[PDB]
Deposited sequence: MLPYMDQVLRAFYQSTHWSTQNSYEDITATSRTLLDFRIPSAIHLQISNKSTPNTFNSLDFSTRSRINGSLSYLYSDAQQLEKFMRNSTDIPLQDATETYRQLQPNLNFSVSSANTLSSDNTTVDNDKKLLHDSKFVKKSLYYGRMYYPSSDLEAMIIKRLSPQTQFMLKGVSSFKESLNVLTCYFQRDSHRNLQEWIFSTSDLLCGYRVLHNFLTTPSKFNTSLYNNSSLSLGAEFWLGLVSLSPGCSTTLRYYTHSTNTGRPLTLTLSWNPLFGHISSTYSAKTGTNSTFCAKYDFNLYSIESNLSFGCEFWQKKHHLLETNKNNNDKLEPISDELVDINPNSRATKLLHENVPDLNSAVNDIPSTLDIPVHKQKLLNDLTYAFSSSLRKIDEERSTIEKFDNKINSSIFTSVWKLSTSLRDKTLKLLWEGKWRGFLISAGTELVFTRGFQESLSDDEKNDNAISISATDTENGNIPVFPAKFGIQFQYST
């Protein structure tokens, strides 16, 4: 999204290390595998109106001209440089989408050198839900203890991420307790950023868990190349065994003679029996993002949901 990209430029400007949190812990396993394929032809232009107000617009063949009016204010005086992929700082974000007047907001207030706070409201007029969450969190050098109070029903939560000890045998958890739904939830993660001498590469062995369902997962994610990257997730389940094996082959490039950069992607799934392809090519301001999805289950190979997506911005 763009709410989850504004969040990452505030963190890298305040040096908060979002990669040690329990929302970027299985990061490579989802950016190479569960990317979005555009389902139609698409055009988009973004701009910037006031010093603290951005504007967007898009129209596809399906939907008409949409839009959004962003607001963004922050005391972080190196913010906008990391938008493009002690002082008690702050951030205020707010965005209304206007074919439909769907709101959203975000308030960050770094209350200490090692403690934050995060409001995240999403208040849609239609499909009505005033979700209003609060993410108190106390970072340290070995933790990211992070309490969440949502307002979907009354959903409270918890997270923790204890780093151990290249060999980084990390650990995580979460313990969610719906105060109205009475439906708990848990997890565990044992990721391991390592180093090897085959190509020069990390690994990501995400030995996940969910002890209520027995829903163990896995993940392997190599970096076989100086630019390319490969991943392979093996889903599983306990007491009701039903597997999967996904894939992903994000392949980079750089071109010169503004500089053209092209990032290829694949996603071979086996339980879904599909093959997702996508090419994402940038420029100074322009960005073309095409993508197809072949389904293998005569003529089995039927490319459902082709799409291209143009985007210019500034």
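The deposited chain is incompletely modelled, with C-alpha atoms absent over 1-2, 88-135, 216-227, 320-409, 450-476.
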